[PDB]
> 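After the structure tokens below, expect a handful of questions from me.
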Amino acid sequence: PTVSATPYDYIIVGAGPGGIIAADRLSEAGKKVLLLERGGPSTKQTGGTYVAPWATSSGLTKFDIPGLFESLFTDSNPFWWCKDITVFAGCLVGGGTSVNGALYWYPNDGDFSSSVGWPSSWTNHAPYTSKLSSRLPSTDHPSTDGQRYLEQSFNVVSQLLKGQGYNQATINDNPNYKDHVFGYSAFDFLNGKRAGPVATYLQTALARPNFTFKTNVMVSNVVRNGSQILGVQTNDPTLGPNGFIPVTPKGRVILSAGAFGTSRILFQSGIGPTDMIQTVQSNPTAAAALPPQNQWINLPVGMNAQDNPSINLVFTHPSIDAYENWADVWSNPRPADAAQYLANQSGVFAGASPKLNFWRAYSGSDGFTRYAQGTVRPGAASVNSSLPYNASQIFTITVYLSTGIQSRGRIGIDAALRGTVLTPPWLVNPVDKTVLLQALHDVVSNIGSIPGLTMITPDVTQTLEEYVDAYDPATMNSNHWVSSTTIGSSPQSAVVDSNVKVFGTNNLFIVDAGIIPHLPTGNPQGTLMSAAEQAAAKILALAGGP
Amino acid sequence: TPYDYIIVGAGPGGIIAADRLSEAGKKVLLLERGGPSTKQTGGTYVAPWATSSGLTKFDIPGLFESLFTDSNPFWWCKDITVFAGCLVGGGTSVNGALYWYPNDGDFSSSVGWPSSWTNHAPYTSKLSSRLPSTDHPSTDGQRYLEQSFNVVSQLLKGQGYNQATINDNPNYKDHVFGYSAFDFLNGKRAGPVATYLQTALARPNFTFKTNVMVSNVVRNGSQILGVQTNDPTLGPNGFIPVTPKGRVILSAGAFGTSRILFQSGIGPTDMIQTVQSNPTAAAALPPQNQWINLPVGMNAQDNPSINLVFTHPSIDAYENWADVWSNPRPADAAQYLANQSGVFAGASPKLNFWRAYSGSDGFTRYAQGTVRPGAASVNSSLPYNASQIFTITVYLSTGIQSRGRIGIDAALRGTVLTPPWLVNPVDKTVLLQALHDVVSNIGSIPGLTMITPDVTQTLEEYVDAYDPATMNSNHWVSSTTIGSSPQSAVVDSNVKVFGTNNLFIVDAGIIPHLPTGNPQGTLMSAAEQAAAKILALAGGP
Ligand SMILES: Cc1cc2c(nc3c(=O)[nH]c(=O)nc-3n2C[C@H](O)[C@H](O)[C@H](O)COP(=O)(O)OP(=O)(O)OC[C@H]2O[C@@H](n3cnc4c(N)ncnc43)[C@H](O)[C@@H]2O)c(O)c1C
Ligand SMILES: Cc1cc2c(nc3c(=O)[nH]c(=O)nc-3n2C[C@H](O)[C@H](O)[C@H](O)COP(=O)(O)OP(=O)(O)OC[C@H]2O[C@@H](n3cnc4c(N)ncnc43)[C@H](O)[C@@H]2O)c(O)c1C
Ligand SMILES: *[C@@H]1O[C@H](CO)[C@@H](O)[C@H](O)[C@H]1NC(C)=O
Ligand SMILES: *[C@@H]1O[C@H](CO)[C@@H](O)[C@H](O)[C@H]1NC(C)=O
Ligand SMILES: *[C@@H]1O[C@H](CO)[C@@H](O)[C@H](O)[C@H]1NC(C)=O
Ligand SMILES: *[C@@H]1O[C@H](CO)[C@@H](O)[C@H](O)[C@H]1NC(C)=O
Ligand SMILES: *[C@@H]1O[C@H](CO)[C@@H](O)[C@H](O)[C@H]1NC(C)=O
Ligand SMILES: *[C@H]1O[C@H](CO)[C@@H](O)[C@H](O)[C@@H]1O
Ligand SMILES: *[C@H]1O[C@H](CO)[C@@H](O)[C@H](O)[C@@H]1O
Ligand SMILES: *[C@H]1O[C@H](CO)[C@@H](O)[C@H](O)[C@@H]1O
Ligand SMILES: *[C@H]1O[C@H](CO)[C@@H](O)[C@H](O)[C@@H]1O
Ligand SMILES: [Hg+2]
Ligand SMILES: [Hg+2]
Ligand SMILES: [Hg+2]
Ligand SMILES: [Hg+2]
Ligand SMILES: [Hg+2]
Ligand SMILES: [Hg+2]
Ligand SMILES: [Hg+2]
Ligand SMILES: [Hg+2]
Ligand SMILES: [Hg+2]
């Protein structure tokens, strides 16, 4: 074939938070970096054009406006979800950060403890968390006017929690203070708009001549001769011969394609468990791209997957404003709220749906301390009540467990090469379940002390125990996948080393949620971003590089 | 604006209904949730090699297989867990286009059709003339990439089969094989989009709107008032009314129609309550005392498909179809670009065959084979030459007794609640006999090897280890079956939903049993008949 490709010092696969941060920090260091993304534009500044009818004149998209978050789940044509993964994953510029609730918690020291699986060389996360907080300062008042909006559910739940001995704090002012703490939801927004890596890290990268970003490019596999990765195989023939893009002689490939995406690339590269590589091999086309069998690397790719077990509790209280259950924000918003947002990016639309977050630690019979997290939002996705209720008064408390859980599951691919959950990770460990039930019970323990507060799902005829046992396991998915390519010290139990290099390779690295060895206390994006900063630093400091 | 007919879904059923009702002079609106498909509909998703022609992925028959290997398949309905086409033409824009005129047995009262439907001929004739069958779709009249036809023809002759032009005599299928037939025109995909839709679009009394999703019909008890949509420019808050005697026709496919019905308070209580569990959807439901209990999503039927994979030295696996979009064989691309002849003028199927089997329960069942070069999945413990692979897909059709169930999950996605494949044990016994028969004389054909299942795995073991979900043939029928009573059916002989004054269904759901072949030919004939019945029913607009 005749296309001559530009070789790169770093080819980074996937423009999610891991990939973007890596791309920024590596290009900042002067390295010749290529960032590849399978999906298309997201927010306005990336070229995105999917704009609410009411937002036309601003050009701000469904991804730009925080208050449109819940409308990501009610659109008739959600182009933003990865079409070849059976659970939610964002496939567009920014990855999950363009379609998430944007809850943003700086990691606590325990999140990077060696006790949870991080190498000793990672525990001192503070310098990297500091770099993050400078790029993306937390805000719990994202509205540009500094006021907070649609806080009725915060007001009810704060009173519930105060009776349980909780104390209010600005969460991110001291990330280590988590047990019996609640506070306003924090986001990585800027100027009342979604921000995250797309608005910060990507923008500083894009300004550099030594950085190149290509969207609508899918990577099927890395190309390698044993331990030496030569480059990546793409579906774009203008970037190289039949879609192959090489690295420079000392160059490196960084996979940042997300839990399901990265795992698939690895399998399709002959890296992972034998049953997964055989799955690939069962597809004659993909089989032709596999290395010979004697070069397969057996690593626990997709194993030890962890995601929080989420349980929704639904309530009513007369003071709550369920905001039309978010059903009207795209097509027919409350005019004054919409106008406010267009005028100066203040008001309801400057925040996503969450309003209050809380945490509590629990002792376990197995000796592990577990944390529960609550997230309160107006509205509800599902209600199962035998009694009438006023839909305008509904709100949800979603409870999950995080730190200390012992449940592990498994992700991988099916025969159609779709990313899928092979072994559900939720409540595999019985003590996880026991503690979850205790936490749910604690949340509602003093419900009678709040006048007008009613739990409508589970309703009065169903116990919490019955509720959890009847709950669909797949709906416990919190979209917080970690550990599928975990960092560690041995290829028997981990996929990447202390420098996020894949075992068995000279020059293949992973920077995405899969490396995180255990779920952190809060929603994970803040932890991953800190880890991405740390990973980039490690990769840069790792000798033998370009 | 009020319409005499609002038709929901621009699949074959909806398009044919729209054409025939507008031909009769009625004010017809056809709604489609998806966007353009083929060039003529405004579609622009064109392979690099095909650019100068403007012929899209959907227009070019030979790009069929690439509909399953694209990195961004926007054409599949995003809220249904199995394949469904959500674009102009529905499944007919994304299917293999195998096209069989229905036989008399497909319309028999013994399979569930009312007496008044059995004389399908006047309607099948209408269809065969708008969409004439071709088993040589290339514009030069020649056939291409036929090595798998040659191999399997010899296998089948040794089993007593005879060749025929299949559609010349639809009533005769047992022990017959022939070249695959399609409803193509001028070397391109055709179907209703190229025929029925085009005559409808020429009429001033027909309106077609894409990118419009209907969530539910709006009704006051038995009287449907109109449809609720997500487009605020077509009526107040998205509501579009019918005229006083006006009618709504649901043609949204097996999963789409069933969902609409659930969201309209029509269906099994469990499903309507699933809708009610979503507070937003709950607000759009009629009060519970107005719900209509009908077996919507029940009686679902789809063929149980089993793929058998083979090699033979004469076969050209055509790079397993992997390169047709991105880097096709230059001569083949050039041939198609020039005059729409060659390999690209046909989809992947080359040979089709059928055989009748008597079952121990007294029903005769038919098995169908479809042969194509290449294979989607191979599970061989022995080495094989990938350039030599081909598939025989075997399924059962006529006479099968298995029924499953489709519906919605809590997220309001269309889903398979009860897999329909091999629920009935006699269906399984017969499928295994059919599989054994197909490979009975493999040893008499020099060079022919079966590689999946390989020599280490018996057919019995293969079937038992098979993922049920992969048996899906994408031929869903019967989920809103025609019948005589609401105790066992959704619509009556005029395809009117029981308990309603003016709600009808014209889509695969109404078909009471799988027909002998791939169903599109049957469905399209049935849509012709349905339109006539609707027009003939007094009290309409
Ligand atoms: C999906 C989802 C996630 C949420 C959600 N909510 C929160 C939240 O509020 N706060 C939080 O901390 N985390 C939240 N999470 C989790 C958080 O967003 C993820 O943990 C985080 O985004 C993971 O980052 P990664 O870098 O591991 O991976 P991504 O999936 O974000 O991005 C990968 C990208 O690579 C791409 N890609 C994938 N495969 C590729 C391939 N083969 N070739 C090229 N590019 C590829 C993608 O298209 C994509 O853009 C949520 O509501 C949703 C619906
Ligand atoms: C999906 C598919 C089907 C195939 C396939 N192969 C064959 C074959 O080769 N030959 C054959 O006879 N049938 C074959 N079938 C089956 C055949 O295509 C189907 O049985 C047939 O298309 C069903 O026709 P219906 O009229 O029942 O339904 P469709 O799904 O075609 O169309 C429904 C339409 O309504 C739309 N719609 C759905 N919900 C809607 C809503 N709520 N609002 C507005 N529009 C809606 C859709 O977007 C869509 O365009 C195949 O390879 C695939 C991948
Ligand atoms: C529903 O609750 C809201 C707010 O508490 C109240 O204003 C409204 O009147 C209630 N509706 C009914 C039917 O009482
Ligand atoms: C729905 O609520 C009823 C009682 O109101 C309960 O019996 C049933 O189990 C609930 N469903 C689930 C899935 O929890
Ligand atoms: C429903 O229609 C019936 C019969 O025409 C009529 O009596 C009733 O007032 C209607 N109800 C509503 C709210 O439209
Ligand atoms: C694979 O089979 C093809 C077609 O029969 C043949 O031409 C080719 O040489 C084969 N590859 C080898 C050498 O095994
Ligand atoms: C794959 O083939 C092997 C024999 O090579 C067999 O033992 C195994 O069961 C097959 N897998 C399936 C799912 O049929
Ligand atoms: C490789 O380069 C040649 C020109 O040398 C082209 O003809 C070919 O299509 C490809 O770009
Ligand atoms: C790859 O990139 C180099 C410079 O980065 C170009 O010179 C070349 O044409 C190709 O775009
Ligand atoms: C072909 O040209 C490419 C860029 O156009 C170079 O990167 C390569 O080294 C070769 O000269
Ligand atoms: C509905 O359609 C009518 C005519 O069919 C228009 O007059 C009206 O503006 C609306 O488009
Ligand atoms: Hg789009
Ligand atoms: Hg801590
Ligand atoms: Hg260096
Ligand atoms: Hg053109
Ligand atoms: Hg597109
Ligand atoms: Hg017959
Ligand atoms: Hg009746
Ligand atoms: Hg009745
Ligand atoms: Hg009756």
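Computed from heavy atoms alone, side chains included, the values below leave out hydrogens, waters and symmetry copies. Naming: A, B, ... by sequence-line order, numbering from 1 per chain.
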> What part of B/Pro232 is in contact with chain A, defined as an atom under 4.5 angstrom from a non-hydrogen atom: side chain, backbone, both or neither?
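For B/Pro232, no heavy atom lies under 4.5 Å from chain A.
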> With no hydrogens and no angle check, is any side-chain donor or acceptor of B/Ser380 less than 3.5 Å from a backbone partner on B/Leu382?
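Confirmed, B/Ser380 side chain pairs with B/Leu382 backbone.
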> Is B/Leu412 close to chain A through its backbone or its side chain, or both, or neither, when contacts mean heavy atoms under 4.5 Å?
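It is neither, since no heavy atom gets under 4.5 Å.
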> Against chain A, label B/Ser377 side chain, backbone, both or neither, depending on which of its atoms sit under 4.5 Å from a heavy atom there.
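For B/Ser377, the contact with chain A is made by backbone and side chain together.
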> Heavy-atom distance under 4.5 Å to chain B: side chain of A/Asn235, backbone, both or neither?
side chain
> Nearest heavy-atom pair of A/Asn312 and A/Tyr467: which atoms, and what distance?
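In this case the closest contact between A/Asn312 and A/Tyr467 is O-OH, 2.6 Å.
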> With distance as the sole criterion, is a donor-acceptor pair present between the side chains of B/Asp454 and B/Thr456 under 3.5 Å?
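Their side chains do contain a donor-acceptor pair, which is all the 3.5 Å distance test asks for.
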> Quick one: of A/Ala327, A/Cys91, A/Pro78, A/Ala391, who has the most non-hydrogen atom pairs under 4.5 Å with chain B?
A/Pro78
> Taking side chain as everything from C-beta outward and backbone as N, CA, C, O, which of these in A/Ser282 sits under 4.5 Å from a heavy atom of chain B? Side chain, backbone, both or neither.
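Both parts, backbone and side chain.
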> Less than 4.5 Å to any heavy atom of chain B: does that hold for the side chain of A/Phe73, its backbone, both, or neither?
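For A/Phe73, no heavy atom lies under 4.5 Å from chain B.
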> For the residue pair A/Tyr50 and A/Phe79, does the interplanar ring angle fall in the parallel (under 30°), tilted (30 to 60°) or perpendicular (over 60°) class?
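Perpendicular, since the angle between the ring planes exceeds 60°.
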> For B/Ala376, is it the side chain, the backbone, both, or neither that has a heavy atom closer than 4.5 Å to a heavy atom of chain A?
backbone
> Compute whether any side-chain donor of one residue and acceptor of the other, for A/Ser310 and A/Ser478, lie under 3.5 angstrom apart.
yes
> Of all the heavy-atom pairs spanning B/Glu32 and B/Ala10, show the shortest one and how long it is.
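Looking at all heavy atoms of both residues, the closest pair is OE1-N, 2.9 Å.
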